[PDB]
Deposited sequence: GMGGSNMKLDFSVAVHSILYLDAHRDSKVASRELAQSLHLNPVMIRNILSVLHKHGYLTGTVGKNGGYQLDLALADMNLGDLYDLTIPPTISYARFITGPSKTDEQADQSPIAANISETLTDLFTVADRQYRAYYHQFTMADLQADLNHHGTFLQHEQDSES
């Protein structure tokens, strides 16, 4: 399901190359090298949130008529890979009085740790747009250079 971000990125880029066209799921799935059943949900999510138009029926399909420069990459990431609230699967000890100091406190400490860390991760993508991503696709090493420049 973390594949969803790439499905969205790849689909937006594909639609940007074919702005004169409605593109059905089957055509997008060919390009993404996926079963349509596996991308249908993401295309629907992008449609519902205003990324894509989506006419139904014969010769219907998805179409992009907005600018990549207006699509924050972090907004896209956050939509396709929504933030975790519960980190319980990654935390040891008990679940929710004679808890040991460690057992009683570990879940709240790690939850805060992982949540802050995840905000720092997600902050990275918010610096960029889909136009930056398209820039990198055309001139490789652009993200790597941005990292060097920041360091």
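Residues of the deposited sequence that lack C-alpha coordinates fall in the stretches 1-6, 103-106, 162.
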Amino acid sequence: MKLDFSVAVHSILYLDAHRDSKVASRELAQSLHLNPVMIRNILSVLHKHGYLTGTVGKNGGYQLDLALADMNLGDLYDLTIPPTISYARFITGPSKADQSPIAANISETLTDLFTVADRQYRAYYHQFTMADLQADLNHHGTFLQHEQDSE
From here on, numbers count along this sequence of modelled residues.
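According to the PDB record, 87-95 carries the higher mean C-alpha B-factor of the two stretches 87-95 and 60-68. Per the PDB record, of the two stretches 105-113 and 38-46, 38-46 carries the greater mean B-factor over its C-alpha atoms. The PDB entry assigns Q148 a C-alpha temperature factor belonging to the highest third of its chain's modelled residues.
Ranked within its chain, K22 lands in the highest third, by CA B factor from the PDB record.
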